[PDB]
Amino acid sequence: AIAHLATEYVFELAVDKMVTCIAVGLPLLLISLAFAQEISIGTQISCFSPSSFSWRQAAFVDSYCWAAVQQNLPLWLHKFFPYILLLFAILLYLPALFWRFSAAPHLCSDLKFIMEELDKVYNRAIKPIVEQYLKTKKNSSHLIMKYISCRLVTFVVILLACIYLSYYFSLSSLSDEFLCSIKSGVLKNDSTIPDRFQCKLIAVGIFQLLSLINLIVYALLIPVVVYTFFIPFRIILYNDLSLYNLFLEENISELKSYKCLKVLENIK
Amino acid sequence: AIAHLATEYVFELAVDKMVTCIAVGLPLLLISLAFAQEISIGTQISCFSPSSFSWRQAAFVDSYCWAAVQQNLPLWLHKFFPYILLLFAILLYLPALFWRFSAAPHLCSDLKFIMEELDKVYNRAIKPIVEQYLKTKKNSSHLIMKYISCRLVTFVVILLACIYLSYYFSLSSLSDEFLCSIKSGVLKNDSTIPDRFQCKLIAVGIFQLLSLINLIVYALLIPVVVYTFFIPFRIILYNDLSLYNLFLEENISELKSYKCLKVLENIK
Amino acid sequence: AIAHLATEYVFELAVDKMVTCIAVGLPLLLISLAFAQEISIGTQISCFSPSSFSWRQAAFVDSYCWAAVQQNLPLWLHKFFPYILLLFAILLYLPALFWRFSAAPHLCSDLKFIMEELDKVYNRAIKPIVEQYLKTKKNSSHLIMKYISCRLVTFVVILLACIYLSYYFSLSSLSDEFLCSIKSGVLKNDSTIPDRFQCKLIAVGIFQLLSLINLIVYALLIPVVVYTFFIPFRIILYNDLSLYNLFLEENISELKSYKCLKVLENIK
Amino acid sequence: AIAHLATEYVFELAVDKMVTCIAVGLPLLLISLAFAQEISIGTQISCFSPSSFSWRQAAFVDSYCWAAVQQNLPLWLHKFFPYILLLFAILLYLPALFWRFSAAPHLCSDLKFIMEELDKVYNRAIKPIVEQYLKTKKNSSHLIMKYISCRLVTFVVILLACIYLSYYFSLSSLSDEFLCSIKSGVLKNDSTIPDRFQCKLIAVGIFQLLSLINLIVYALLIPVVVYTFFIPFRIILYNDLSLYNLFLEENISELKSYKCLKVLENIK
Amino acid sequence: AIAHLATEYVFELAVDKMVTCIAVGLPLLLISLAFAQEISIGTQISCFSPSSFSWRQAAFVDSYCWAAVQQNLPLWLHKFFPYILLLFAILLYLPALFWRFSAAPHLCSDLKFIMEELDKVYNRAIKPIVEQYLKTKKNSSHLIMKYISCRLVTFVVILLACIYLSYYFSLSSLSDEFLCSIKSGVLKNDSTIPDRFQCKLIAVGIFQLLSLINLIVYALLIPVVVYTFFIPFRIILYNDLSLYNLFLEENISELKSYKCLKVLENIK
Amino acid sequence: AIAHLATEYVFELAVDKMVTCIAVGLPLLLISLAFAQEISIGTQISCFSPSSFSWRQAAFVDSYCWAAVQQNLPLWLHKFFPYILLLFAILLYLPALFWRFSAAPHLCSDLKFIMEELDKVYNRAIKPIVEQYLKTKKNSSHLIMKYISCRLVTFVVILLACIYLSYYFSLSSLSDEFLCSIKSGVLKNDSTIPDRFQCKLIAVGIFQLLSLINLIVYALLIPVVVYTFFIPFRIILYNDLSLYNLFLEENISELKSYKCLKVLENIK
Amino acid sequence: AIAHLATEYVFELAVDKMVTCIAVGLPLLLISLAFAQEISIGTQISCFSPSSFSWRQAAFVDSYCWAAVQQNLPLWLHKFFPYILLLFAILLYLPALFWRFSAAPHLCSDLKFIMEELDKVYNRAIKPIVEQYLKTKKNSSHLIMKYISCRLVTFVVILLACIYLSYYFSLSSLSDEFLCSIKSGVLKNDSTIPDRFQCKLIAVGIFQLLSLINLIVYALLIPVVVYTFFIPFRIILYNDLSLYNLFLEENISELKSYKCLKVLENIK
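In structure tokens:
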């Protein structure tokens, strides 16, 4: 099954796309691995039911204690751990989705305009409205704020994930087991039931290791996201213009005339 | 499995589409997470069958009490909780579906007409039927009512969801367990059966947490829907016109001449 | 899984299509929800097997009583309830399928003819066979009968569903449990078997609630279907014609000249 | 799951196609419903194993008696009931498949020839080889026999299904239970085993009801198939010709000139 | 599930294609029905484990005896019965696959050549290289041998299937049960184990019936395959030619000029 | 399920493609049949746990002995048998994959060149660079070595498979059962555990038969692969050329002029 | 199921693509085989629960010890072994993904430029900007570093995998079993529980063998990756140029003029 999942992953700036794809793809992959393993192991929790307890009496304790997790804080995390990772995946995904609707329409029209004007310059020279436009964008700060927000939000989500994972991972090794008391209501007075059942969370060992992998990847991912902020350090015939220029570099692949001019410039 | 579900979500105004997509996509996602977890845990309820009860005698109590939930109000909600979320997803979806059939055909023809007339103005000027038409739409209130209803219905459904979730979430912490009596009919006289079986709802802890996530998202979603109502606060050669204008802004991406004129206007 | 089902629903008159889509889509959705829940709960019925009975002896009673349901009337409905809903879905679907083959071919040719003639009038005026044809259709009652039958059949099926659901829902609350006797044939003389086993239908509580949802939707759907019958109350260069006119209104989206003429008419 | 199956059905003469589609689609649908329910109930048969029998000893009787069904006639039908319905579906399908290869190639070429000749007549008149051809087909009885056979075979299969279902349905109510003896071979001498185990077929109640639905539909379908035989009772510029004429009526949707001429004829 | 399988089947000479499609499709269908039923019944074999045996001790005998089938001949067939049918399906499929690569390339080029030459004759006459070619093919026996082999192989495989099924079916009724001894190795000396366990093959009753259906179909299929051998008994401006002529008849659907000439010939 | 698998198989030289397709498709098919049966039987191994052992104590022995297979040689093969077949499928597949990248690009360009030159000769004659090229290829041995290696590797893999299967098949009949000792570590001193558990491999009987089928097919496949080596024994206006000529024969289907010239040559 | 997986694999330099495809495809295939087998065997671990322990008491030890693996080093590897292979697959995949975004855009534009210039030379000669460009690339070392890094990273990952697998494989044979103590917390004082439970990892035998297969393949893969580093040893009318030349060789298939010139050169 794992190959079926991975083959999908094997068979806007590229760096930013990779960061987003990694930030969201990795936890989803990690979550899937846990469940693929969980379904293979069967149950997430097990309790020492007394030998006198029937299979459902034992099963009752297991399910009861699974719910009792909410009635000691780490225990709560263990039960909802996959959802927290899922939350991070979604939170890391919102910057790209928000970007797709808030910035992509503006950028698409603007780039095509610039590209067409550049080709007109190339064709005319062989045979500056766009420059005045671009110079105006140098005075604008509306689009750069849109980009800063996506990276800023992603960065903050990553920090929260790193801190969260560190707290989780460091405390995980000591919270695998807890004492659950099912003596509630009428059965609080039952003497045939032990005062507490020792229950162990089976997936904690997996989640604990998975958290470390995720922590390391995000730790490596932090400086990559930081590097996107150095925009100015990132072309003859901290301004929005710098952002357009960076996008121009990413779309140079589309500029047919630029390729020709680049060879001429290189020769010269 | 969760990645299989999420990858579908990862791989009319945009803001309104996002609101609708979030309002309906989130609960469906939440419902799926519960079942993905429920199938992994196995059963939704468990009862303290006496140790003398056989596996089906124990199983009988569990299934019996599951049905007995209807014969104390929160208990009823817990059993049908996924359906209530599903109900909200459908109810939040009707405004978009109703909009698709009641408004989209009118708007499609109207926008294309306006776009074509604008291009004719652009072409002719380089070389006002539409203005008289648009001015008439300023006197019309038929289409704006259609939009108001979709947002109004969605907004009301959200409020109901927020109130419902708040009632559910606040009471959830105290209703995880209930005492079920299977002593009905002939077996009401059976002395080998305890007067009541203490049964615990296993998914309540998950649903309770899921409700909080959903509550927070809808709480954040309310002002977003409210913001759509500020239409007037939302372009040389509270009227339906304001709505057409807003749709024109959303479709500026299609206006080729507008892009050119916008650069000229910016330069000027 | 529910998201997988719902996403298909999220990702001839429109009103009639919605009515048909709702009338058939809703019960299918409801049926699917029951089974999705049923598979999660495991079994539809459970019986108090004596503690002396082995797992298959207990299982035998459960399966036996499940069949015994036919040997008190509500009990019969509970077992076949999903099929009854499925029957309604199919019965509500036949009017659309019958319409597709009995009316759609006639209407398609007729509309395209009218549309082409209207465009010829528009083109010629700028530069009445169809009127004489349409006037003849005003004297015809062959096609309107086809439409009346589809709405009439759908309406009748809805009434039957509403009555059926009301009878089912009102009686459901009292028929969750029944006394089953497996003492048949040779085992009628077995003293180790109780005279009757108290068995409870587990899905009745779900079906009972689902019936109420379906009942409410159909109750709201009845007046919508009724509204289609007010055809006459439903455009310079109770007759079949009224039906063609109504279809013309639905296909105005296709009339390019009409859009232009409508703006001119509005201006005038 | 049922919605997944039904959505495929929701999302040569039309009447004959409907008859074939119904005759084959209905039993396949019915078969699928049984298995969808059977998989939800778990087992098709259950036997009163003595309380001294272990789970496999009980399981052995169930499986043994399931096979013993062949060693009283209705019992045999119950086990193979789905296959009998499947047999009917296939048998009802052969007339259409046989028709597709034996008649469709002849009819396709013949219709297109006629259609082209009719258009040539229309074009020439505005500006009789086909008539002599058609008149010859009036003297031919080769193609009508092909059609008669498909309807005849389908009709006969339906009658057999109706008789079969009636015999099955009427006897079903009395054959739900049978006495199975596993005392064969070496274990014929085992005194710890009862002389017979009372076993009950669990799916009989479902199949019995399903047979009634199928019986009613086929009973309604019989006169529809019969109506196809009244070919003669079924268009200025019992012969194969009557069959071609009937096919011409079905393909009038394709005749562009006929539509125009029909309006002129209607006006005249 | 059965509908899912059948819908694929519902939604080179045609007769030969049908024969091949039936010869291979039927057993595959039959095999699928067995497994669809087998998965619903659970296990293929069951043994009378003593009541003192634990669930795995009982399970051990069942699995042991399932393997012991090879250590009385019919028993062997029952275990591998699906594979034998699968073998027949593959063996019946090889003639078509072999035909696809050994004959189809030759025939495709030859037919198109003939068709083009016939059209050239038609066009020229209105305004004999191919005849000399065809006359040469009358002297050739290379291609007819290719066809004879495919039918011959298919025919022989059918006879073997018919004989095999007859032997299987006739003996099946007496070999449902066998006595299995697990007293091997160290446990040959165990006195707590009975000398033999009576085990019954659960699927034999199904396979036995399925074999009869398959036998009847192949029995009807034999004369159909035989009829293909009567090639000579099978068109003005036992030779390979007879085979080309037969293929010409199958491809007359493609000959546009032939259709026109056929009407003229019929009129004349 | 088997039909689902087979339908994919039912619905570079052709002989070599068939050999490769058979050599790889057959074992994959065989492997799938084993697992389809294995999943239907449930477990691959079973051990005589003492009647005093609990279900997990019995289950422990089964799983323990399954691993103990590695701590007598045939036993090892039985556990990994599917992987060995899978290994053969992959090993038989590498020659085709290697061929696809090492030879197919060269051959594609070369054939198209030859085909174009042949058409130029045909067109010019009606109205020798390629001959000098081909004559040079007669002096080259670079491409023939590429072909020889693919057949040689495939042939060797087949021989190894035949020898392996023969060793496996011949020894299989005697190694179905083995004595497993779980008395290791602390439990080596447990007197409640028998010194050895007699365990039987359940799938050996299936694998043993499957090996014979595979052995026979490969035995028939050996001479087919050998026949490919007789290249010289395999067309007016052991050299690489012989290989190109053989490929030309396979691509004659594409040569339009050759078809025409072949008829002329045949007539002459 | 295995055929379903394999058929996907059966139905930038080619050598490098094969290396990457093998390096990543093989472990994914291996991982899938383990899980396909694991799901067929059921559980990954089993412990000698005392015969007095109930099924959940036994199940508790199994699940407990599965988690206890983290509280002797090889034991840790066995639990996470599939993830380690998955880690290698991803790590081997990053060089190709990184290459796709960091090098593929540059190479695509550069090759097409060169190809177009070569065709211009061919056309002009029959009837040196690119040479000066290429000569400049000979002085550049920017792109070769990109390639070196992908091979270097892949190579290092392979070495780590080889060392890791060797350590794992060599130690695997001695770490199949471990002694697990569940006497923690309150149950540390329970005398009814043995001081340690002997637990055996069931999948170790499979993983151990799989590691050897993977080790051998990577061992063979190492020299293949090394061979890519010998770039200089790898065409009239250690420099980046050498890399472009190597890519030119891979894309010669696209050069139509080169093919013609190659034949002329060969003839000359």
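Protein chains in written order, with the authors' numbering: chain C, 2 to 12, 31 to 90, 100 to 155, 193 to 299, 304, 310 to 311, 324 to 354; chain D, 2 to 12, 31 to 90, 100 to 155, 193 to 299, 304, 310 to 311, 324 to 354; chain E, 2 to 12, 31 to 90, 100 to 155, 193 to 299, 304, 310 to 311, 324 to 354; chain F, 2 to 12, 31 to 90, 100 to 155, 193 to 299, 304, 310 to 311, 324 to 354; chain G, 2 to 12, 31 to 90, 100 to 155, 193 to 299, 304, 310 to 311, 324 to 354; chain A, 2 to 12, 31 to 90, 100 to 155, 193 to 299, 304, 310 to 311, 324 to 354; chain B, 2 to 12, 31 to 90, 100 to 155, 193 to 299, 304, 310 to 311, 324 to 354.
Idealized CB from N, CA, C, for every residue including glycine.
Inset, instruction - Would you identify the three-state DSSP class for A:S249, choosing helix, strand or coil? - result: coil
Inset, instruction - To the nearest angstrom, report how far apart A:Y83 and G:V251 are at their CA atoms. - result: 19 Å
Legend entry - Where C:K354 sits in the DSSP three-state scheme: coil
Inset, instruction - Would you tell me roughly how many angstroms separate the C-alpha atoms of A:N279 and A:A226, rounded to the nearest one? - result: 9 Å
Inset, instruction - Could you pull out every unbroken beta strand (DSSP E) segment of at least 3 residues lying fully inside the stretch 44 to 76 of chain F, listed in chain order? - result: 64 to 66
Inset, instruction - Would you be able to state if there are at least three C-beta pairs under 8 Å between the stretch 199 to 214 of chain E and the stretch 326 to 344 of chain E? - result: yes
Inset, instruction - Check whether the Cβ of A:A131 lies closer than 7 Å to any heavy atom of the ligand PLP, and answer yes or no. - result: Within the structure as shown, the ligand PLP is missing, as the structure has no ligands at all.
Legend entry - Touch test, the stretch 128 to 146 of chain E against the stretch 338 to 346 of chain E, Cβ-Cβ under 8 Å, three pairs minimum: yes
Legend entry - Residue span of the beta strand (DSSP E) that contains E:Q263, given as start and end: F262 to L266
Legend entry - Cβ-based contacts, 7 Å cut-off: residues of the stretch 251 to 285 of chain A near chain G: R261, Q263, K265, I267, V269, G270 and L274
Inset, instruction - Given a cut-off of 8 Å, decide if F:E336 and F:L32 are closer than it, judged by their beta-carbon atoms. - result: yes
Legend entry - Counterpart residues of G:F243 in DSSP-defined beta bridges: G:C264
Legend entry - Neighbour flag for D:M37 against chain C, beta carbons, 8 Å: yes
Inset, instruction - Verify the CB distance criterion: does B:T201 have a CB-CB separation below 8 Å to chain C? - result: yes
Inset, instruction - Spell out a yes or no on whether the stretch 57 to 64 of chain E and the stretch 262 to 281 of chain E are touching, meaning 3 or more CB-CB pairs, one atom from each, closer than 8 Å. - result: yes
Inset, instruction - Could you tell me whether the Cβ of residue 376 of chain G comes closer than 8 Å to any Cβ of chain A? - result: The requested residue 376 of chain G does not occur in the structure, where chain G is confined to residues 2 to 354.
Legend entry - Integer-rounded CB distance, given that C:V291 should sit under 8 Å from C:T219: About 11 Å; that fails the 8 Å criterion.
Inset, instruction - Compare the Cα-Cα distances from B:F272 to each of B:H134, B:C215, B:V282 and B:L105 and report the closest residue. - result: B:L105
Legend entry - D:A87 burial status per 10 Å Cβ neighbour count (16 or more: buried): buried
Inset, instruction - For A:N151, return the contacting residues in chain G, with the cut-off set at a CB-CB distance below 7 Å. - result: Here the premise fails: no neighbours, minimum Cβ distance about 18 Å.
Inset, instruction - Spell out whether any CB of chain B is found under 8 Å from the CB atom of C:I154. - result: no
Inset, instruction - Answer with yes or no whether the minimum CB distance from E:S343 to chain D is below 8 Å. - result: no
Inset, instruction - Inspect the beta-carbon positions of G:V222 and G:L120 and report whether they are closer than 8 Å. - result: yes
Inset, instruction - Apply the 10 Å Cβ neighbour rule to E:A153 and answer buried if 16 or more other Cβ atoms are within range, or exposed otherwise. - result: exposed
Inset, instruction - Let me know if F:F295 comes out buried or exposed under the rule of 16 or more other beta-carbons within 10 Å of its beta-carbon. - result: exposed
Inset, instruction - Please classify C:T257: does DSSP put it in a helix, a strand, or coil? - result: coil
Inset, instruction - To the nearest angstrom, report how far apart A:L49 and A:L275 are at their CA atoms. - result: 7 Å
Inset, instruction - Leaving out five residues on either side along the sequence, give the residues of the same chain with a beta carbon under 8 Å from the beta carbon of F:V80. - result: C66, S68, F72, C245, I247, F262 and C264
Inset, instruction - Identify whether C:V88 lies in helix, strand or coil by the three-state DSSP scheme. - result: coil
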